[PDB]
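The chain that follows stands alone, in the form solved without the named molecule, written as structure tokens.
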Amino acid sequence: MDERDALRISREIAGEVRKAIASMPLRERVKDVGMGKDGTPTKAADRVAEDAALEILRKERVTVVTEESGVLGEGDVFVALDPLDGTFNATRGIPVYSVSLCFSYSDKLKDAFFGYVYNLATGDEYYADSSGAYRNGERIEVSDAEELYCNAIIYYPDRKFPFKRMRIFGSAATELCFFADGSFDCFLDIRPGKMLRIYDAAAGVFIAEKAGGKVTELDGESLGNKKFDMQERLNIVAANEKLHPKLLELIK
């Protein structure tokens, strides 16, 4: 498989998932219908989304790490799937929620070769390969803000900060992308628990990196070794090169 197949697969799925959620009225979407292998409830929207997604994926030589169904397949290419990121929003008609894939040549992020995030409410399409970062076909890159007084997406602010704006949209895959097209200046998830899971971040981090951003663990460490398993967890500090270190301090 190559980063063009990925684009094709990814787009095919975005079609099917988008179609799946569009039909389902809100009262249907919001129904807990399962326990997800993740250990959080599978809403009905999660189920129809992942079923559609998985159906296209099962045909490829891949191991899929997805939120509702766990780890599936045995192929050498690993795919980290959040078949609906921002499920909460989606069950309430709030239009920030996405399907998110990240393809890796191994079970570690450092061997990623494609990131895809598709806003299922708007149709905005984010992805990245060796050629760079795109939004709706158009090359993108991060902001150059240098002052802590910037536009921050942050999970969760636990004290007085210096930022110009703070926002939290409830779709990390999409919010990594908002950072990656310079809509926002940084992206932090500093929640002490380490809540983010491989399928939540993987595509966003990749796409953001390709768009110039510097994206690290809390302590400043690289994300390269983060694993594609159900068990992996993440904190993120993402910001262009100048801003990042200052944030790294502010967090201390």
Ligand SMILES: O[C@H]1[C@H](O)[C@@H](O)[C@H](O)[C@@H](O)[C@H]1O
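For the two forms, the rigid core is made up of the largest set of C-alpha atoms that agree within 1.5 Å on superposition. From 1 onward, residues are counted along the sequence shown.
- Structural divergence in 6 other deposited structures of this protein between 222 to 230 and 196 to 204: following superposition by the core, 222 to 230 has C-alpha atoms lying farther from the shown form.
- Annotation for 10 to 18 versus 240 to 248: the higher mean temperature factor (C-alpha) is found in 240 to 248.
- As recorded in the PDB entry, 143 to 151 is the stretch of 109 to 117 and 143 to 151 with the greater mean C-alpha temperature factor.
- Among the modelled residues of its chain, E125 has a C-alpha B-factor that falls in the lowest third according to the deposited record.
- Among the modelled residues of its chain, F161 has a C-alpha B-factor that falls in the highest third according to the deposited record.
- In this PDB entry, the Cα temperature factor of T42 sits in the bottom third of its chain's modelled residues, the lowest group.
- Ranked by Cα temperature factor within the chain, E138 sits in the highest third according to the deposited record.
- When the modelled residues of the chain are ordered by C-alpha B-factor, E175 sits in the lowest third.
Below: the form deposited with the named molecule bound, not depicted.
- Transferring the named molecule from its position in the bound PDB entry by superimposing the C-alphas around the site leaves no ligand atom within 2.4 angstroms of any backbone or C-beta atom here, which marks the site as open.
- With the partner omitted from this view, the residue of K37, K227, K214, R191 that lies near the named molecule in the bound PDB entry is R191 [heavy atom within 4.5 Å].
- Checked against the named molecule in the bound PDB entry, the candidates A133, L101, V142, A172 yield a single residue with a heavy atom inside 4.5 Å, and that residue is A172.
- At the 4.5 Å threshold, heavy atoms of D200 reach the named molecule in the bound PDB entry.
- Residue contact with the named molecule in the bound PDB entry: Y155 places a heavy atom within 4.5 Å of it.
- Shown alone here, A44 lies farther than 4.5 Å from the named molecule in the bound PDB entry, counting heavy atoms only.
- Though the partner is left out of this view, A52 does not reach within 4.5 Å of the named molecule in the bound PDB entry, counting heavy atoms only.
- Exactly one of the stretches 205 to 213, 192 to 200, 58 to 66, 219 to 227 approaches the named molecule in the bound PDB entry with heavy atoms within 4.5 Å, and it is 192 to 200.
- In the bound PDB entry, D82, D85, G86 are the residues of 73 to 89 with at least one heavy atom within 4.5 Å of the named molecule, listed from first to last.
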